[PDB]
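Here the structure comes first, spelled out in structure tokens, and everything after it is commentary.
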Amino acid sequence: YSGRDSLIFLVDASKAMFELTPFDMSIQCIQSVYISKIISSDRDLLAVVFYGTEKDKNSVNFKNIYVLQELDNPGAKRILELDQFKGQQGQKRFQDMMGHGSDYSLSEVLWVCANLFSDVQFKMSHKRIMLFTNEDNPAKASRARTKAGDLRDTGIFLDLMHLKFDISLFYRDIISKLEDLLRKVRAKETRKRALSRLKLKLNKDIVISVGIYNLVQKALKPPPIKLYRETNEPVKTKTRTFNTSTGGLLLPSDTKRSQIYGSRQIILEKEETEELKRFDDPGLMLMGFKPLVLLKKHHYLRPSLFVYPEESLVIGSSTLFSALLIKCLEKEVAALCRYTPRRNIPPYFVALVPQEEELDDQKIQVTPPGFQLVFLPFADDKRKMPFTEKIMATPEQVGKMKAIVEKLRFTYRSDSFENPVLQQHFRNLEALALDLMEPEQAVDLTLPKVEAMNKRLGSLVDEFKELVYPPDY
Amino acid sequence: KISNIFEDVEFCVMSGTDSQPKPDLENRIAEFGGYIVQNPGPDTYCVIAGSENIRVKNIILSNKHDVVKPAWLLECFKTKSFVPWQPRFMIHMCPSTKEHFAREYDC
Amino acid sequence: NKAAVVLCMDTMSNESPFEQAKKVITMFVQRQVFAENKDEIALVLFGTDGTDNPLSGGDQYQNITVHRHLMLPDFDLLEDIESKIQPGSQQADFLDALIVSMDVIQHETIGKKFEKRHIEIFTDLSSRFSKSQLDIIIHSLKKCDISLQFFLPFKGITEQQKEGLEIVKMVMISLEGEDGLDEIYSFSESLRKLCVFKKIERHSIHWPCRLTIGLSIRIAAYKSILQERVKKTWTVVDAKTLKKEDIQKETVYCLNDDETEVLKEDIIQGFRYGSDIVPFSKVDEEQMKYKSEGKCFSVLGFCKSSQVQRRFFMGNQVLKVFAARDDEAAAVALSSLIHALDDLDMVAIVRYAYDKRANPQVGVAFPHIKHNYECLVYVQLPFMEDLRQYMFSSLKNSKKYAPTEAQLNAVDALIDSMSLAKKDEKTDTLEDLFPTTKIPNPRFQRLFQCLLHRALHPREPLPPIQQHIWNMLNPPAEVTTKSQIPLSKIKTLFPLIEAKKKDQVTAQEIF
Amino acid sequence: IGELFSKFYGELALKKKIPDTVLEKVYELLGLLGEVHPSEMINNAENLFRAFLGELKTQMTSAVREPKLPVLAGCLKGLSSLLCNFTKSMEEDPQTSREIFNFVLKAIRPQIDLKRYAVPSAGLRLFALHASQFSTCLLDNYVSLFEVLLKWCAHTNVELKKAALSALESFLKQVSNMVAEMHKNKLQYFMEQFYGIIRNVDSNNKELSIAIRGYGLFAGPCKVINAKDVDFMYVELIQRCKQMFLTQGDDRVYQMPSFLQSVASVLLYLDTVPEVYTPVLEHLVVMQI
DNA sequence: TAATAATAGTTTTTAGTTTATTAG
DNA sequence: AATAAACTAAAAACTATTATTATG
């Protein structure tokens, strides 16, 4: 989906930033937001265009407006522009070259904002404007309120907090908690493109699209491009199956794919090579229903994803899936599907465990109404060790470890942990922009936390040792 | 160029800000033929570093060459001639640079 | 690292036991050669005219001919067993072939390191049999320690087949017992289930981790029972040699300016820092990376078992922590703790890390109790970036698409009928009407069939599609008929439209 | 031209750079005829065409992952047509391969060429250029292609009409020259097809004209059997000229240069007929120019 | 005897092919 | 004294266009 929220930094200079002075904290807010945006989305554009200025620095050059980093993909440019002014000395030098609080017409700055939002040429789902003031800064406002309402009609959102929820009295009508904006949000990729929906062969006469969009799945380090070691510019990396016995690059008419099986390399053709990958057709070929009791769940270990419908290709996606998930309550089975994302794919036996919508009070689409992919394993990959079940539970031991650990009851917030590599290197990119150290470390909480406080909660496994040797080493 | 002694001697000004900005140091090193290279080139005799930043700490952690304070490059420029390695500017340096310190100075 | 399996093949052409036995042995060799499984098998034929055994006890072994000694299954053995063995003309005693094969296994095992000894025996039992050499047959069976795994032609046995079955059963109960009778199966049908796929595993050895809560863990690295993967990547070969002579890749690193190239050092893996590509390499990563927590299998937190999500599963193994090595206190503590955590539903978050070279992880800790193995399951859990979430039209609140209710009872009865796995019985019978967890996929087996096609005959490019899954991957006609009226309601009440991804003929072939 | 041809021939020898929307036609452009034809592209033509036929047999074959390849087909045909100028006409199996490949290119009409999607007509043109280039099997797949050309020339797109007519008549010339014994039965069957398409009415003013034009082309193939057999229908042609060409309305007055030259070809055997074809000559000149 | 129509095309995140030592 | 693999290896995304058959 093309379309995002375009945000501009329209910050007032009415010395409502200069009373810590609100300027420094506002600049920290905007820099943290830009740090989030550079590591999250370049599709969203950031405009460092402040008003209330002693200068008329803007496109139409209206009263008390300054442009620093207009609407653009986030980057270190705005980071350094705000970094040179974030400090109190930065604030005073800022007030020197930019200006102090001055008079102007709010219609002027709102017109400039309208020009900025109408000059970008991106299909943009939403538009937002942020603004900071210590208190309500205020004809001068009636035209301003009219223009702000019109911009709101154009999909532009207005954001303002008074840094005195106490004193914005003259701005209550004008207006349409920044600790979250202090980089609480950070490093979340925004892509909305993914594979075409697969065709569920639920039966032999009607097939229904299923929405499998890998758009908000795992995100990691940016693309490492083989830049030149001297000037930091990429290389083309001319690579292919090339020849030394005959020289040059082998042509497709001269390349044959084989399989070294038994005692020989079974030479086949490329056509057979890549057409062998298919057993049938693309889509979710449904065999039937498999009771959830027959899941190994010690082999449901690979990267698993969700199975959602898609009411875009067939009318009956939403209809039949709504009925199916309505009747999933009385079923202990899963939609036994074979999975081919495209043509020439080996279908995988998939059990569709019903994961219906968790519509909360606000109906947040947590676990959206559909199914979750249950792994039906095979016989080639698991690190199996020989089983040993001569050991059962003993009441003393079970009670002792229960009292040791039962206090620590978590809730398993699925996104609670932070990926080490991803956030690590993203904030490291932040530091590279800042030209500084390794900023901070990300980890999948892999350092245990209970072991330092299990005895604080009354651990008994440490207290009760089954052997003079560490009972479980 | 102006002083070809810096020619054929690549001074990797990859992050130099102790004395002059890295663009300015690169401009002056190319003014004398030192190659403007952002990561120590094949001819890099020493990495002309600067303030202790991500690049300077890259050179420290990965000792490809020295962390040369651009004051060493200043003494090279004022003489209009490459001044040998001195144990008074380069904070971090290659082992060959400490060897040069011992070669023409004491410890 | 070898298994000393052995075969003993063969008035004889009459279903026919001979054709079924040939089918199952060709299956056996083809399955051991597709995965290149290493289980040497010997073969001695009873009935194949000629008393030409390598070890004949006075040449009384009438019509007994050896085919292959204890040798590894290759395509050569596959085609030899496929082609050479033909039914004999005059009758012979299969116990003589048993003696010859067991003597071959004795000769090979005494001299070569064999970690397993078996006897995959499939005798058509239609040949006249004499039961007078009990001492030497039991001697041969017990000296090489080959597990006599005899199979029955059908119990669908004639008088000759009945007496062959009784003599082999008495010699095996003097050797092993009734386990042979348990594995005695009809050549077709009962043995046909084995006659369609392969049993396979990947050689490896222990690569331990450390469950470092406050502790460690004893594990091993293998690849035994988990979702199917690529066996061998397509070995591209030269059209001139069918080997690797011009099959290799170059690197030019053409500096994108413009035809100027770069060397291996001349590339720095610049990372796209959003608006700009930062000049970045692994030397920069040294101060821009995270160090792993060693090879720790630790646990970071304990959660209620109700919160877990099947869709939120990641990793590529589960550490089935059984009784620990040389630590009985560890074994009892582990069993009691997994059972107590199951009681509490207090599943632990396994703070895992593969090693320093890999990255640290989270996990899950819930015990999987089965008939054989009952211990913990470790599956990695999501993070702020692993939020697998789909934004589409919601289902139940959709009054715009709120279908009828005869469809609801239709769906209920359909579920009752399409339940294509038998519910577990009191005997821990994890029965599946369409077994998926253990039986392989249909396209890797398609490759197996295609490679059989192209190896038995290199001018046979592509055989029919592997119906291995297809025959057994369909619901029974009974349950489909039961849902038919529910299916009738579903089709008569649900509206929908067509779909896409229509792969037609690529060109205008002669049609 | 040699250096750039070598550069792009090396360029096409790589993998994964093809993906684009229309940039694949670079290969169609790589075929060159305005060159002086040094040994560079003379030698590279073999490798290029071998790759073309191999990848046509691979992709174009009924396949699961690949249901079509428009850029592929277009670029391959462009390069082949522009570079098969080098005479590879009767040598070996390449004739068979390329002939059957053009056959399976233009056998069926999936794309709507009547609505300006005339890629099949481009294939027809390429084959007409290189029909003689690949003759070990054009005598095998000879009819069905010919009637398919008849439908193509009967299509709404006038470009399809002209391309199909040109390709069909070029193929008729090919088979007339190298069929002629051997093609005695084939010649008789072609005469029967003619009979059906000429002695019966037809709504196309050019259909029967190209039928008799093929008569003139097959005046040789019948001549090795019996040119007097078609000289027997030459009297019927005299009946046509004396009756409908002087009734002026008549679109064969507009379309009998085909008839005139075919009559010349079939009448090479005969010598005498009294001043019959000169009122027609002036008539058709007037309504032809 | 002269406009509107579909290959026209994309910022393709998993084909599931590289890091990982007791076999002698 | 040879078993161990998470160091990436590829494909749809709505962009949008032409191309219709606009005329005797």
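Chains as they are written, first to last, in the deposited numbering: chain B, 32 to 50, 57 to 175, 181 to 206, 211 to 222, 238 to 534; chain M, 654 to 760; chain C, 6 to 15, 19 to 22, 28 to 167, 195 to 254, 257 to 299, 301 to 554; chain A, 149 to 328, 332 to 399, 403 to 443. For each residue, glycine too, the CB sits at the ideal point set by N, CA and C.
Taking 8 Å as the threshold, the shortest C-beta distance from M/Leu714 to chain C falls below it. If only uninterrupted beta strand (DSSP E) runs of at least 3 residues are considered, those enclosed by the stretch 381–464 of chain B are 394–401, 409–416 and 431–436.
Closest by C-alpha distance to C/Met115, out of C/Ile54, C/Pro166 and C/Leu90, is C/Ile54. Counting every other CB atom within 10 Å of its CB across the protein chains shown gives M/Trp738 a total of 16 or more, marking it as buried. Bounds of any beta strand (DSSP E) do not take in C/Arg250, whose DSSP letter is neither H nor E. For the pair C/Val321 and B/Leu493, the Cα-to-Cα distance works out to about 8 Å.
For B/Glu372, the number of other beta carbons within 10 angstroms of its own is at least 16, and it is reported as buried.
Within chain C, the residues whose beta carbon sits less than 7 Å from that of A/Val212 are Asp546, listed in sequence order. Straight through space, the alpha carbons of A/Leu359 and A/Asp382 are spaced by roughly 17 Å. Across the stretch 693–721 of chain M, CB contacts with chain C closer than 7 Å involve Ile707, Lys710, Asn711, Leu714 and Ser715, in sequence order along the chain. In the same chain as B/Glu50, and ignoring 5 residues on each side of it, the C-beta atoms closer than 6 Å to its own belong to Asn171, in chain order. The alpha-carbon separation between A/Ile248 and C/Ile553 amounts to approximately 9 Å. B/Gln125: member of the alpha helix (DSSP H) spanning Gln125 to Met134, first to last residue.
Within 7 Å of the CB of B/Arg339, the CB atoms of chain A belong to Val212, in sequence order along the chain. In the DSSP assignment, C/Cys346 falls outside any alpha helix (DSSP H) and lies within the beta strand (DSSP E) extending over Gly344 to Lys347. Note on geometry: alpha-carbon atoms of C/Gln162 and C/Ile134 lie some 6 Å from one another. The beta carbons of B/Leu397 and B/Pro415 sit no closer together than 8 Å.
The shortest C-alpha to C-alpha distance from B/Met348 to any of B/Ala395, B/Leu276, B/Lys510 and B/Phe303 is the one to B/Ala395. DSSP places B/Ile376 in no alpha helix (DSSP H); its state is neither H nor E. Boundaries of the alpha helix (DSSP H) around C/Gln492: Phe487 to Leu499.
At a C-beta separation below 9 Å, M/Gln691 has these neighbours in chain C: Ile311 and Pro322. A check of alpha carbon separations from B/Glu330 across B/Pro313, B/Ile220, B/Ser306 and B/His360 identifies B/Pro313 as the nearest. Annotation for A/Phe249: the continuous alpha helix (DSSP H) segment containing it runs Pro242 to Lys254.
With its beta carbon at least 8 Å from every one in chain A, C/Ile508 lies outside the interface. Counting only the Cα atoms, B/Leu469 lies some 32 Å from B/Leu242. When beta bridges are read from the DSSP output, C/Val10 appears opposite C/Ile54.
For C/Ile259, the closest alpha carbon among the candidates C/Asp280, C/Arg242, C/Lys363 and C/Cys157 is that of C/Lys363.
DSSP places B/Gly344 inside the beta strand (DSSP E), whose first and last residues are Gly344 to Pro352. When the beta-carbon positions are compared, C/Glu203 and C/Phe142 come within less than 8 Å of each other. Secondary structure at B/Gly272: strand, using DSSP grouped into helix, strand and coil. Scanning chain B for C-beta atoms nearer than 8 Å to the C-beta of A/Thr206 yields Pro313, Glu330, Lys331 and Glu332, reported in chain order.
A distance below 6 Å between beta-carbons, with the five flanking residues on each side excluded, links A/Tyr157 to the following residues of its chain, in chain order: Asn192.
Here DSSP, grouped into helix, strand and coil, assigns C/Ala396 to strand.
With the criterion set as a beta carbon lying under 7 Å from some beta carbon of chain C, the members of the stretch 452–465 of chain B are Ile452, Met453, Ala454, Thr455, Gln458, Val459, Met462 and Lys463, in sequence order. Against M/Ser668, the close residues of chain B are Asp496, in the order they occur along the chain (beta-carbon pairs closer than 9 Å).
The beta carbons of C/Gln330 and B/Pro285 sit no closer together than 8 Å.
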